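In: what's the 3D shape of this:
(2 chains)
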There are 2 protein chains.
Amino acid sequence: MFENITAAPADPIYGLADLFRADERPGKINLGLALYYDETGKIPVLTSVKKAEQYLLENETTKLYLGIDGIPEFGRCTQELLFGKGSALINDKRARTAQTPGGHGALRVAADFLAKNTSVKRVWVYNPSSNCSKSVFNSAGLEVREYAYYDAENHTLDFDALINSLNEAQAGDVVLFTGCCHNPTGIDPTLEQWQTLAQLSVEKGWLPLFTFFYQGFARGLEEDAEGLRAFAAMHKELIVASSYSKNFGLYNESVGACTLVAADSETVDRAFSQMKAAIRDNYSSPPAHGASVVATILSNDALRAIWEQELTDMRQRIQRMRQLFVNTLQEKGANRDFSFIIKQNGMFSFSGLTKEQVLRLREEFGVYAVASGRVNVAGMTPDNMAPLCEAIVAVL
Amino acid sequence: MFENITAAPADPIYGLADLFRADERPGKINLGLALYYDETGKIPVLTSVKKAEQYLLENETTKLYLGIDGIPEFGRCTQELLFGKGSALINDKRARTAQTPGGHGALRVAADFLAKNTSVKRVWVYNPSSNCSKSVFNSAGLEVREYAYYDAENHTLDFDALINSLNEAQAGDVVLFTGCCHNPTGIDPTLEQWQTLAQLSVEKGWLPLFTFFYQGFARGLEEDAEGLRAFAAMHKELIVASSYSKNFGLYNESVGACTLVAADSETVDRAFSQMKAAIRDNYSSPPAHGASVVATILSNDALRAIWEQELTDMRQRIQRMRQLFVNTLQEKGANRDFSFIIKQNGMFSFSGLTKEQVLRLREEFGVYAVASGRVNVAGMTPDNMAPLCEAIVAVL
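Out: Numbering: from 1, shown residues only, chains lettered A, B, ... in the order given. Below, you will see the structure:
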């Protein structure tokens, strides 16, 4: 059977990454991944995670499944992180959380659940995007539609264009919003803007869906969820797909969460069961190590605090790197005003390199940036920052 | 949207399990699950696992994904366990192993891969079964067919009936075989019989597919794979879906494997890539904790040996329990000769309780067995063995 099978590789994941590993070159730099690096170039394990794994190691007695909502405070702490401690949603027991596969695993659960149990017809996605989000809603059989989310001349959000595009979004549709750090501009809506949105949302009858993979990498933990909370304040229903693989550096452990918010206690429990069993329909049982590390760190006041600090540490090094990046480019002789990189959010920078300019960095300088022009500012160090800009100022 | 959503529960998994937990009764017994219990009624973690987790705890530095074949010796050790060390398959680099979700995750990969890349039309399943296997091959769009695998008057395999049923199995079809401990009779093919099968297989042109979730729970590690190895000895291709969640007691950690065996080095690598990317097509990245614990235990000669012992320990307690079970029933006044339970394989026993007799045990005695009549002999202890049989001799 296996004889006439065709090969496969091309995928710019293992691709523009193992290709880097097999680039037999001197000072080659890797700005094309989505990991946090410290100043020496390594990718540490959070010490708050290391300590948490220690507690598991000599307190575990069984290694059995307790269900998808069976890990103690995973669900409870997840909601506290999203909606705020003391949030009316959590008092009125209006949310419910399930563990899912890493990152995309959550968004796939939501889609599969949305299809099996609601007459939802269309899902509105942001454009430009990175196409990833589009295929998932299709493979469950929901049509996807684009809305305009991009920047103006002044490197600001074209917020009018956002609304206009979303005009045709019918009620009983689903709209996807990135909670924070919006690949591909790094530009997130002002607080005033989120409320204008949420008000339009509740008015025109959308079912909002939030992705949340980089919580804490914009301004802070509680501040990045300002948008989401603005929605929850006057919404009856919404779905939220979160992910701990970035903010916990449990990269490989694939720890994701789907969170269902319905009108009242009963309505959500009834629905959550369909979701719960929509997961049993699929990818079998979920990984339990990652969910436990998270739960342990979040449910105890002391570890939670160390981890809070470690995260901030990461953010601040990145915010610092953005500065050094802009400055170096200026003094290495770029003409263009790159003062906008500073106002960008999260791990990435978008100077808008052409798809050629990007390839000429790889091929001619060994600087690896994603095909689009996304550069991982978190992989920049004071050591490699300098030839980095040279390569980039030479490409123009 | 969520208002007119219907409830869901019924599933005899969380069902006849949490229903046990909420049975407010005295000496209630739970023979309806698939876990190993020690003599005090608890479900330990393998000490060989505990030591392995320690090694990971202070030797890990990154927590990144290395790919589906990225964990060092996971794949290499998996094949050694299946085909034997020094096996011609492993020298000729003819196999390739990928990590998958727990248990069913492997079998779903194989199906999805089989569909996307081969003109395979039918999958032959054993009947009677527990229906689980059937839905999987469907949801990838392969038609499934039944073959006869059951017992005679004398509690032996009706091996002729097996063959006869498999007569119409066309070439370029896939036949599924349970490697060992065959739910639902506990009767596995004699070595002589496996070869007769394998010979028929190579003759009539089937693509064999082996499931292997209980390796080591029959007679021993190397012996349970006699059947599989007999096939491999003269086969050109086959797929094997293994699972570590039982023999490692990594119940929650969901550690599964799919193994692709092709004609030669090149053919397999080309094909394995389609499989590899058929996994990226879906359930996202796989859990890495469980694969690492296994890899650690298997790749080092010392831990491997402790774990070898722990497994045997489980088997022997179970084989011992079978005895006590038969004897007690005899002296508690059953008339029927239950001497056949002794020759049964794995964790389960099949006295063939009626679907009423099973329910009357739950409702009238608090003895929880699966709706079919499968009893988990591994959940029997010298303490609960006695009222257990009373309940069963009273119902029978």
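
In: for stretch A:288-297, the distance to its chain's centre please.
Out: Here the centre of stretch A:288-297 is set off from its chain's centre by 19 Å, with C-alpha atoms, centre = their mean, to the nearest Å.

In: what's the answer for stretch A:157-164, then?
Out: Here the centre of stretch A:157-164 is set off from its chain's centre by 22 Å, with C-alpha atoms, centre = their mean.

In: quick one: residue A:77 is in a helix?
Out: Yes - using DSSP: H, G, I helix; E, B strand; the rest coil, the assignment for residue A:77 is a helix.

In: quick one, what contacts it?
Out: A:294, A:295, A:298, A:299 (C-beta atoms under 8 Å, 6 or more residues apart in numbering or on different chains). The C-beta positions use only the backbone N, C-alpha and C, and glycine is treated the same way.

In: can you check residue A:350 too?
Out: Residues near residue A:350 by C-beta under 8 Å, 6+ apart: A:184, A:185, A:186, A:341, A:344, A:373, A:374, A:375.

In: Of the residues you listed - the most surrounded one?
Out: residue A:375 (27 neighbours; other C-beta atoms under 10 Å in any protein chain shown).

In: in which helix or strand would I find that residue?
Out: strand A:374-376 (DSSP states H and E).

In: Repeat that for residue A:108.
Out: Applying DSSP H and E, one finds residue A:108 within helix A:104-117.

In: where exactly do the strands run in the stretch 201-350 of chain A?
Out: Secondary structure of the stretch 201-350 of chain A by DSSP state E, counting those that start in this stretch: the strands cover A:207-212, A:238-243, A:256-261, A:348-350.

In: Let me know the distance separating residue A:140 from residue B:133.
Out: 24 Å (C-beta to C-beta, to the nearest Å).

In: Name the residues of the stretch 101-250 of chain A found near chain B, please.
Out: When proximity is defined as C-beta under 8 Å from any C-beta of the partner chain, the stretch 101-250 of chain A approaches chain B at A:101-105, A:108, A:117-120, A:172, A:207, A:237, A:249-250.

In: Show me which pair in the residues you listed is furthest apart.
Out: Greatest spatial distance in those: A:119 and A:249, 40.1 Å, computed using C-beta to C-beta.

In: Which one's more surrounded, these two?
Out: Between residue A:119 and residue A:249, counted using other C-beta under 10 Å, the more crowded position is residue A:249 (23 against 9).

In: Was I right to think that one contacts residue A:36?
Out: Yes - counting by C-beta atoms under 8 Å, residue A:249 touches residue A:36, with 6.2 Å between them.

In: between those two, what contacts are shared?
Out: residue A:43.

In: mind giving me the domain split of chain A?
Out: For chain A, curated CATH domains gives the domain ranges A:11-44+A:316-396, A:45-315.

In: Can you lay out those domains as TSV showing distance to residue B:6?
Out: Listed next are the domains of chain A as TSV, based on distance: least, C-beta to C-beta, whole Å:
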stretch	distance to residue B:6
domain A:11-44+A:316-396	39
domain A:45-315	7
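
In: Figure out which of the ones you listed is closest to residue B:45.
Out: Going by C-beta to C-beta, the one of those nearest residue B:45 is domain A:45-315, 5.0 Å.

In: Quick one: distance of that closest one to the chain centre.
Out: Centroid displacement of domain A:45-315 relative to its chain, using C-alpha atoms, centre = their mean, is 9 Å.

In: if we can go back for a sec, can I get the strands of the stretch 201-350 of chain A in CSV including distance to residue A:51?
Out: CSV is the format used below for the strands of the stretch 201-350 of chain A (distance: least, C-beta to C-beta, whole Å):
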stretch, distance to residue A:51
strand A:207-212, 25
strand A:238-243, 22
strand A:256-261, 22
strand A:348-350, 29
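
In: Just tell me which of those ends up closest to residue B:286.
Out: Distance to residue B:286, taken as C-beta to C-beta, is lowest for strand A:256-261 among these, at 12.8 Å.

In: Which residues does the closest one contact?
Out: A:74-75, A:78-79, A:82, A:89, A:94-106, A:109-110, A:113, A:232, A:235, A:237-245, A:268, A:271-272, A:275, B:2.

In: and the residue lying closest to residue A:344 once chain neighbours are set aside, how far is that from residue A:249?
Out: Spatial nearest neighbour of residue A:344, excluding adjacent residues (C-beta to C-beta, 6 or more residues apart in numbering or on different chains): residue A:186 at 3.2 Å. For residue A:186, the distance to residue A:249 equals 21 Å [C-beta to C-beta].

In: can the strand holding residue A:375 be found next to chain B?
Out: No - Strand A:374-376 stays clear of chain B (C-beta under 8 Å from any C-beta), getting no nearer than 13.7 Å.

In: Need the contact partners of that strand.
Out: With contacts defined as C-beta under 8 Å, 6+ apart, strand A:374-376 is touched by A:30-35, A:183-184, A:347-351, A:353, A:369.

In: same thing but 10 Å
Out: A:29-37, A:130, A:183-184, A:186, A:318, A:321, A:325, A:341, A:346-351, A:353, A:358, A:361, A:367-370, A:388, A:392 (C-beta atoms under 10 Å, 6 or more residues apart in numbering or on different chains).

In: Note down every partner strand of that strand and its orientation.
Out: Taking DSSP bridges as the criterion, strand A:374-376 forms sheet pairs with strand A:348-350 (antiparallel).

In: chain center to the very next helix or strand once past the strand it pairs with, what's the gap?
Out: Using DSSP H and E, the helix or strand that follows strand A:348-350 towards the C-terminus is helix A:355-365. Relative to its chain's centre, helix A:355-365 lies at 27 Å (C-alpha atoms, centre = their mean).

In: And stretch A:339-353, by the same measure?
Out: Distance of stretch A:339-353 from its chain centroid, counting by C-alpha atoms, centre = their mean, is 16 Å.

In: Okay, the most centrally placed residue in chain A and residue A:76: tell me how far apart.
Out: By C-alpha atoms, centre = their mean, chain A has its centre lying nearest to residue A:213, at 2.5 Å. Using C-beta to C-beta, residue A:213 is found at 21 Å from residue A:76.

In: cool, residue A:40 as well?
Out: Applying C-beta to C-beta to residue A:40 and residue A:76 gives a distance of 37 Å.

In: Please say which of the two ends up with more neighbours.
Out: Neighbours per residue (other C-beta under 10 Å) separate residue A:40 from residue A:76, with residue A:76 holding more: 15 against 8.

In: Against which helices or strands is the longest helix seen in chain A packed?
Out: Longest helix in chain A by number of residues (criterion: DSSP state H): helix A:301-331. When contacts are defined as 3 or more C-beta pairs under 10 Å, 6 or more residues apart in numbering or on different chains; DSSP states H and E, helix A:301-331 sits against helix A:47-57, helix A:221-224, helix A:289-299, strand A:348-350, strand A:374-376, helix A:385-394.
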